[PDB]
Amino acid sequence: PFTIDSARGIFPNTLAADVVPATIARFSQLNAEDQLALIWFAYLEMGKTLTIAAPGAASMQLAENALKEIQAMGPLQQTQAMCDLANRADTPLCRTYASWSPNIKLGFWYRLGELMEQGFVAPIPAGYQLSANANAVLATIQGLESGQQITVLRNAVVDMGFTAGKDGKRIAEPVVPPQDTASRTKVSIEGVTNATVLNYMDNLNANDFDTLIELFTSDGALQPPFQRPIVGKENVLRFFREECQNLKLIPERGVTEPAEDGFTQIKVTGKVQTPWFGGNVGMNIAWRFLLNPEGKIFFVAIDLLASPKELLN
């Protein structure tokens, strides 16, 4: 019989970029000031080649009050507020931050980065030198492909703050209207004509989450890169609406195999673009589907791949 935990094992020879969670683990060991300085350095150097897209208007409005609070602080208090976030200390600011969706957290830091560059928010101390462990962490990051680099940064950002309780309030950007069916493009996948997989891709590309979720079984799950499975339609739909808007999925090739009891397992490789970087960063991605006899999604995993040589053939 199939369980979510066991389905995690399909296509086991897929080599995921586990250097990413490895690096985040090392990063999380560092002193808070080194964490902030390390990301500042990474951000400035990346900025020479890649431009981050501007945060959406709604996002900025939601982070506005927190941002102004920090801006009104004296420089030492500003540095303390940022250290609190990095240390995951329990403060009202850290609790507010923890209630934000990833995009709102990212836009928050986007704006603080501008202000630090402009000198209106306490910057990293001049001539600051990273610790021994911190220097090696940054070196690892700069050795990564851009897709892995931005994933490390995002995970660092999402990890900050303080979560008290599970059913604490959740704040996310408004859900965008699905793309009008007329202007929708359709993907083509070498080797794969499976309607569920193609509909999965096309609806996500159209931000049509209501149609997308109907592809799943009631107890079905979605496993984002380096995260635990998100289980059930309620939780998966929430994830779509809060975190999966305006993606571009560009699947390339796949393979289709039988599984136990009339199930089918399908692996697809290709690229994904995040709206934070548009076409300037193409992440190498595998999708691993487990479909039931009716073609419903019992499980789909999304893996960030170790390197372009992990793409099928």
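In case it trips you up, residue 1 is the first one in the sequence shown, and so on.
For the cut-off of one third of the other compared entries, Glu173 stays well clear, since all of them model it along with its flanks. Across the other PDB entries of this protein whose models span the neighbouring residues, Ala164 goes unmodelled in a third or more. A summary of the deposited B-factors shows that, of 87-95 and 237-245, the stretch with the larger mean C-alpha value is 87-95. For the pair 105-113 and 69-77, the record assigns the higher mean C-alpha temperature factor to 69-77. Per the deposited record, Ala132 carries the highest C-alpha B-factor of all listed residues (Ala132, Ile141, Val231, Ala156). The entry assigns its greatest Cα B factor, within the set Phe216, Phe209, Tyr128, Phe226, to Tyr128. Annotation for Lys48: C-alpha temperature factor in the highest third relative to the rest of the modelled chain, per the entry.
Compared with the other modelled residues of the chain, the Cα B-factor recorded for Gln35 ranks in the lowest third. When the modelled residues of the chain are ordered by C-alpha B-factor, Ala63 sits in the middle third.
The deposited CA B-factor of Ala259 belongs to the highest third of values across its chain. Residue-level temperature factors show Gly191 in the lowest third of its chain, judged at the C-alpha atom.
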